Every structure is written in structure tokens, then in C-alpha cells.
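Visitor: How does the following fold in three dimensions:
(chains A and B)
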Amino acid sequence: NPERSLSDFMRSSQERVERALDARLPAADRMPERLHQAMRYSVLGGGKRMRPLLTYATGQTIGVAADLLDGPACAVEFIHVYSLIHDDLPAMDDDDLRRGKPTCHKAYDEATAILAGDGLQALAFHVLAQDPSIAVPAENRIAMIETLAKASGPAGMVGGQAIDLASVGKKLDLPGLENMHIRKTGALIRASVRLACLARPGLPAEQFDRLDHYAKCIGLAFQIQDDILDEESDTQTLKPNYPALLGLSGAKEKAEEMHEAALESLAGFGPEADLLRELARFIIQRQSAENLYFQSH
Amino acid sequence: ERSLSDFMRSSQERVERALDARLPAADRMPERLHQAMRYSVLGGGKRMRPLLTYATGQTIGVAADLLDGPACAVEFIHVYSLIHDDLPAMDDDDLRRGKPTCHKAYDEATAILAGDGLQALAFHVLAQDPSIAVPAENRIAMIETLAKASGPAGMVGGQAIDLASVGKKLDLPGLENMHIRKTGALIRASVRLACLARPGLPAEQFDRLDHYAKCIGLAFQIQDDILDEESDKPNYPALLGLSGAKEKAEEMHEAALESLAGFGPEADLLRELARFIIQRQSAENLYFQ
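Guide: Numbering: from 1, shown residues only, chains lettered A, B, ... in the order given. Take a look at the structure below.
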């Protein structure tokens, strides 16, 4: 059944990316040591690896060997981690903890955190430009770099964080709240999918577009669901969001509608896309890796 | 062939138009971020890195139209590192070149992001800018050059070595290594980017120009320290003696000019730039304080 296949695929890909990140991170005992260990502290030792899973799952769907996908999967994950390190800083989200573990600025210092994030961003692009295992044509490699730069920069992830900070005391409309999430979170999720597509020479434009629409819809849907679980949490115990804007039922319906559009994007694929069908549900419903395990086994 | 002053004026004005054209508009969302990026980039600067790019271009027969994108990409990286270096966690500067710094004109969050955004944008320029009309392999090598120069083994790692060396003494190799990474890599990249805009340029010309770049970078840094010592962290005069350091500055200057072997009046601009970078551009924030 596809749910056990998803669980198997997840566990295996998370181990494969863990080794691939370690192989691309400069050694803990080489100079500069504190900087290298700070990057490694933030990148390694697990995490959901949602963006790599999207890269690996997309590649398997369109028939790209996983060897060609290690580089792009690490590149998107480096970008993701760099954004976390900087976002956790006092001047932004000011997080003291991340995954039962002190954050990079707490565990080291703020200067080391700023630099580890800076170094991870540059390293993402070094992986795409130079990694020989990304054995694709020159044009494709260039397109991957452009993809990551557009997704990570002021028109993507960074600008989305700027929009998020500028709206802390504000009430946004639906298109306004969506736009922010599309930039802050959506662009890098869609990049993860597009990178895999670019490792398939000659892949039809219609397949790019459908898988991009799949990527866009799951990105929007899961953050709507994040808000729903948040709203349900504080109203069952003793910043603009989706249930505040739409009501809880309106927010629930909006996520469901996005979820439907995600699955319909995959109509151009057969059972090779079952993995993406199951991954959509897992990501959107915010299920844990172990919860997925103890119900499919 | 024209004077260095003519080249300086021309290039300063050219790089300003070129950087403006690659920076997202102030009146487009997210406006504050765009304005903050523009503030730091267009606010001023010696433009040493774009000068080298354009001058390398002239020396090897590349049209300046091919060099606008590379000159902007290196300048974007340089400007990003300053925004981040100026922060309270790092060097903590309220002012730079007689204007307030990024996080003071805006705020610290906006500064972190303005820097983050400029690093992404430098790669976006190299990967996509159509004016960099070079074959695909050359464009990819430009991107690799920039990423190796800007990352953990270049600029960023150099700043890490610098910060980790406070309250410490370093040997000569270590102090050299620190500067070669921190500032040398990006300077070498400015020159190498121009070389990659000349398809089929022999490796020997790459290496001559690289050696020129490496030695001027070190000479500038040694000269900075000499000038710091002369008016009142590891440094050259403290490690070698003032005489030792002056001699090393001299040797680096000469080695940089030796690399330009055999060029005709063709490399007069690079010779003049080295004299200018080492002697005038080093005695600068000392001149006006």
C-alpha cells in the first residue's frame, strides 16, 4: 500500500540526505572550526527534511535517478537551514530553542550564527555550480541556480520574511496573507520540486507546470493547517492568520480546496505519482514521521 | 588607453547605473527591504572590486557591456558583508563613510535581510543577466568563482578566522591566510570574473591576473596595518617589526606588478590602479578621522 511505501521512502531518504549533507559540509576539525561546527550543529542530526523529500519524491515520479538529486536536495536544505538560523536571531523571531536543542545563536553566539547562515547560503550555490554528481547539461545547471536564487532572494524567501515582519500589527486580506506565505515559504518548496524537474532533460513544460502547481498548493495548504491547529489548541485548553480572517470553517475549507487542487495537478501521472499523493496528505495534515510509521505497520 | 582619473570617473558612474538597474525598485513590495538594500549599495563606496573587474576587462579586450553584471555581483556580495559586519553582534558601527549604517537608518532585522537578499541577488545576476553574453560553461564558472570566494572557504570563513583570533597572536602564515580568505578571495574573484568573460583565454593569463589580484590584496592589508601603527588583534608591524612589515608591503606590491609581465601600455591601467589601491585607498578612513 502507498502509505507504507511513503513511510519507507521517508525513512530511507532522510538517511540518504543526512549523509549527503555531511559529505557537503566542511569538516568539524578543519579551520575555521567554530564556524564549521555551528553550520553542522544547525544542519545535521535530523529534522523533517520536507524540502529534500519533495526533491527526491518528485525525481522518483518523473524517473530521475537519485544520484542526480542529492546535490539539489542538499542545496535547498542548506537554504532552508540558513533562513532558520537568521530568523531565530533576537532581532527577528528570537527563538531560544529548536527541536529540543538550543538554537545556533544560543549554542554559540550571535556573530557565529550570522556567519553560519551566511556561509550556508553561499555553500548552497557552490553545491549547484560545482557538484559533479549533478550530472546534467550546462543549461539545466544554470537554470537550477537561477531557480534557487529567485526562490531564496528578495522576491522569494527573504522578501517574504520582510513582509511577515512588516505585518505584525496588521490585518491583511486573503490575497495579502496568501502572497506573504507564497513568498516566505512557498517559493523554496516550489524550488525543491523544480530542481528535480531540471534534472530530467527534455521534461515537457506541462509536467513542470503541474508539479509546480502541486508544490504551490501543498505549500499554501500546510500553513493554513498550521494556523488551524494553533487556533484549536488555545481554544480547547485551560499576527494575521487564516482562521482569524476567514473563521475556522472557512480556513478548514480553504486548506481542503488547496489539497484537492494539489491532487488534481497530478492527473498527468499514473501510479508513479502515488508517492506524491501520499506525501501531500502527510505534509498538509502535519503528521509526524513516527505517527506515519505506527499506523502503516 | 586613457588616464586613471578618467577610468575612475567613467567606472564609478557606470557601476552606479548598472547597480541601480539590478536592484529592485524602492516603490515595489517589499518596499522597506528594497530601500535598505539600495541605501547600503548606492550610498557610496570606493568600488575597488568593480574597478578591478572593469580594468581587467580593458587589459584583456573584453567589452564593458559583458562586465556590468559581474562587477555588480561582486559589489553586491561586498556590500552584503558590510551590512552584516556593521551589526552589533559583529563590529558594531553606527556610521560608515560619514553616513549612518544600514541597521541604524532602518533596523537590525531589516539589515540582516538586506544582506541576505543581496547575496541571493548576486547569484541571480550571474545566473540570469542576459548582458553577460558568454557561453554556458563560462557562466557556471563565474557562479562557482563567486560562491567559493564568498563562502566558508573564502570571505565568510575569513571573518570567522578574524573573530576567533581576537586576544591572540598569529604566525605569519596564519595572518596571511586570514587576509587571503577574508578579503583576498573576493578581490581575486573580481578579476577572475572578468577573465571568464573572455572565451578561450589561456590559463597563463588567468594566473597572471590572479597573482596580481592576490598580491595587491595582501599589500593593501599590510599597508593598512602600517598606517594604523603609525597613528595612535594580530597585525603585520607587531609580528615582524615596522621595518619587516614595510618590506613585506613593498615585496607584495612588486610581485603584483611582476605578474603583468609583457603587457604593453595595455596593462598601464592595472599598474596605476595598484599604485592607487595600495597607497591612496589604504590611507582613507585614517585620512578623514
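Visitor: what's the spacing between residue A:174 and chain B?
Guide: Per CB to the nearest CB, to the nearest Å, residue A:174 is found 16 Å from chain B. Yep, even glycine has a C-beta here, placed from its N, CA and C like the rest.
Visitor: Once you drop chain neighbours, what's closest to that residue?
Guide: residue A:245 (6.3 Å; CB to CB, 6 or more residues apart in numbering or on different chains).
Visitor: Grab the CA positions of the host helix or strand of residue A:193 and hand them over as PDB.
Guide: If you go by DSSP states H and E, residue A:193 is part of helix A:187-198. Taking C-alpha atoms only, helix A:187-198 is exported to PDB below (Å, rounded to 0.1, in the frame of the first residue of the first chain):
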ATOM      1  CA  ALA A 187       9.000  29.800  -3.300                       C
ATOM      2  CA  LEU A 188      11.600  27.400  -1.700                       C
ATOM      3  CA  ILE A 189       9.100  24.500  -1.700                       C
ATOM      4  CA  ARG A 190       8.400  25.000  -5.400                       C
ATOM      5  CA  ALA A 191      12.100  25.300  -6.000                       C
ATOM      6  CA  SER A 192      12.600  21.900  -4.400                       C
ATOM      7  CA  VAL A 193      10.200  20.400  -7.000                       C
ATOM      8  CA  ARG A 194      11.500  22.400  -9.900                       C
ATOM      9  CA  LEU A 195      15.200  21.400  -9.200                       C
ATOM     10  CA  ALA A 196      14.200  17.800  -9.600                       C
ATOM     11  CA  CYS A 197      12.400  18.600 -12.900                       C
ATOM     12  CA  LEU A 198      15.500  20.300 -14.200                       C
END
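Visitor: And that helix, how far out from the chain middle?
Guide: Remark: helix A:187-198 is offset 10 Å from the chain centroid, using CA atoms, centre = their mean, to the nearest Å.
Visitor: what about that helix and chain B, any contact?
Guide: No. Helix A:187-198 lies out of reach of chain B by CB under 8 Å from any CB of the partner chain, never closer than 10.8 Å.
Visitor: who does that helix touch, helix- and strand-wise?
Guide: Applying 3 or more CB pairs under 8 Å, 6 or more residues apart in numbering or on different chains; DSSP states H and E, one finds that helix A:187-198 contacts helix A:50-62, helix A:70-87, helix A:138-152, helix A:157-165, helix A:205-234.
Visitor: ok, then the element right after the longest one?
Guide: Counting by DSSP H and E, the next helix or strand C-terminal to helix A:205-234 is helix A:242-246.
Visitor: Tell me the buried residues in that following helix?
Guide: For helix A:242-246, the neighbour count (16 or more other CB atoms under 10 Å in any protein chain shown) marks A:242-243, A:245-246 as buried.
Visitor: Could you name the helices and strands sitting against that helix?
Guide: Helices and strands touching helix A:242-246, as assessed by 3+ CB pairs under 8 Å, 6+ apart, comprise helix A:174-181, helix A:205-234, helix A:248-265.
Visitor: Which residues does that helix contact?
Guide: Contacts with helix A:242-246, where a contact means CB atoms under 8 Å, 6 or more residues apart in numbering or on different chains, come from A:171-174, A:177, A:223-224, A:227-228, A:231, A:250-251, A:254-255.
Visitor: Emit the ChimeraX select command for whichever of those residues are buried.
Guide: Filtering those down to the buried ones (16+ other CB under 10 Å) takes a single ChimeraX command:
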select /A:172,177,223,224,227,228,231,251,254,255
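Visitor: From the contacts of helix A:242-246, pick the one nearest residue A:122.
Guide: residue A:223 (27.9 Å; CB to CB).
Visitor: residues touching that closest one, list them.
Guide: Residue A:223 sits next to A:181, A:185, A:242 when contact means CB under 8 Å, 6+ apart.
Visitor: Can you give me the buried ones in stretch A:134-149?
Guide: Here stretch A:134-149 shows A:134, A:136, A:140-149 as buried, counting by 16+ other CB under 10 Å.
Visitor: Could you identify the most distant pair in these?
Guide: So, the buried residues of stretch A:134-149 by CB to CB: farthest apart are A:136 and A:149, at 17.1 Å.
Visitor: number of nearby residues for whichever residue of the stretch 151-297 of chain A sits closest to chain B?
Guide: Scanning the stretch 151-297 of chain A for the residue nearest chain B gives residue A:153, at 3.2 Å (criterion: CB to the nearest CB). The local packing of residue A:153 (other CB atoms under 10 Å in any protein chain shown) involves 22 other residues.
Visitor: ok, for it, nearest residue in space, not its chain neighbours?
Guide: Distances taken as CB to CB, 6+ apart place residue B:120 nearest to residue A:153, at 3.2 Å, with adjacent residues excluded.
Visitor: Pull the contacting residues for the residue nearest the centre of chain A.
Guide: Nearest residue to the geometric centre of chain A (CA atoms, centre = their mean): residue A:51, 3.5 Å. By CB under 8 Å, 6+ apart, the contact list for residue A:51 reads A:73, A:76-77, A:80, A:188-189, A:192.
Visitor: Quickly note the distance from it to chain B.
Guide: 16 Å.
Visitor: Then residue A:106?
Guide: 13 Å.
Visitor: Equivalent analysis for residue A:70, please.
Guide: Taken as CB to the nearest CB, the span from residue A:70 to chain B is 18 Å.
Visitor: quick one, what contacts that residue?
Guide: A:16-17, A:20, A:131, A:133.
Visitor: Among those residues, which are located in helices?
Guide: The helices, defined by DSSP state H, take in A:16-17, A:20 from those.
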